[PDB]
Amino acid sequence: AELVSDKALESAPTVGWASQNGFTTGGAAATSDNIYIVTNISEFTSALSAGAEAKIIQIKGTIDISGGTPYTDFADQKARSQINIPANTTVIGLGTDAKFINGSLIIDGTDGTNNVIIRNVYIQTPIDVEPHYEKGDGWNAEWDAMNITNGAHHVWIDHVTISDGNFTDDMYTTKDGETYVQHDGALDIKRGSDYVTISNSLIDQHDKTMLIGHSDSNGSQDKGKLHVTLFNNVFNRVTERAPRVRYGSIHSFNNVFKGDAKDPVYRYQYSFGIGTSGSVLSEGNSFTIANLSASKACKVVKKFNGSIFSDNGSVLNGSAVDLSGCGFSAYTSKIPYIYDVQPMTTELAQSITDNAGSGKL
């Protein structure tokens, strides 16, 4: 097929981990026969089967991963909804309505997957039709919007939007006196994955959001990996976990967080969650949390089994913050790439808001 989106040939920016120890170029080097334009699930997987071949897959309209047939059970959903992205792929949205629904975009590096670029597309979080019951922990949903696992590396998420969509948590029903939880995390990055850059993206309206380093026992595999750079993104109405990281080395700068500690549906808990052996370097970020007094600024960065967190020139409700008294060790590791962290202002944050997410490339 032909190439419509001209920016489809782009590679991740010099800035970020996805450009360290190798470049992320997706299917740029795709041959004309590896340049598709899918409009439905059949075509989508049909193209994706080019496997490790350089490919440019253009999304036109909404792709209903369910193919119109709702999932009968867990098996069914597992079987059909987990769409895999093969190495050297560039999934780019066309125009403003590039959307995916009833599924999960999986970047599983078990078969060597690497060098992926999901760009300019909306992914509405999937609804698990058969949540497991962890007695004492109640109902638990299974699928995310996008999962990067099993060593996957050199992935670039840009102008992507992950949201709950037409089905938000306040629409949950209740099964056996418990709340039928049908949403898992929005974006996951686990089991050895590395070199990831998320930019100009929007995660809006969701509970458990981004979990990096799924388990704090997996250490050995996760140790010294999971380098994620997040900049110019917007986390709006997300309950917890901008990055909630174990082992990882998160670089979140010039991002826009906006929520409300008393929201009716997604109550702000924190943004950065420093987990076991995790480290986060926050800079020039904008934290606009309704109902959050400056005298409680440390609510934005919560501890777990970690401590390495450093922030620079970020703001809470339009004014400089000081997380220094929150009790964290300094981020001593170096950032290999060169970068310009712009001084966060109302203009900037306002600007970042306008250009974050799909349909705005």
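Numbering starts at 1 and follows the sequence shown.
S.K.: Is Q221 unbuilt in at least a third of the other PDB entries compared?
M.R.: Yes.
S.K.: In the PDB record, does 80-88 or 258-266 carry the higher mean Cα temperature factor?
M.R.: Here the higher of the two C-alpha B-factor means belongs to 258-266.
S.K.: Return whichever of 202-210 and 139-147 has the greater mean Cα B factor according to the PDB record.
M.R.: Here the higher of the two C-alpha B-factor means belongs to 139-147.
S.K.: Between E134, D188, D97, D111, where does the Cα B-factor run highest in the record?
M.R.: Most elevated C-alpha B-factor of the set, per the entry: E134.
S.K.: Based on what the PDB entry reports, which of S215, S252, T197, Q182 has the top C-alpha B-factor?
M.R.: Spelled out: the listed residue with the top C-alpha B-factor is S215.
S.K.: Going by the recorded CA B-factors, say which third of the chain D322 sits in, lowest, middle or highest.
M.R.: Its C-alpha B-factor belongs to the highest third of this chain's values.
S.K.: Would you mind ranking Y71 by its C-alpha B-factor against the rest of the chain and naming the third, lowest, middle or highest?
M.R.: CA B-factor rank for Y71: highest third.
S.K.: What third of the chain, by the recorded C-alpha B-factor, contains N34?
M.R.: According to the entry, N34 has a C-alpha B-factor in the chain's highest third.
S.K.: Please rank the C-alpha B-factors of the chain's modelled residues and tell me whether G306 sits in the lowest, middle or highest third.
M.R.: Highest third, going by the recorded CA B-factors of the chain.
S.K.: Give the position of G177 by CA B-factor within its chain, expressed as the lowest, middle or highest third.
M.R.: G177: CA B-factor falls in the highest third of its chain.
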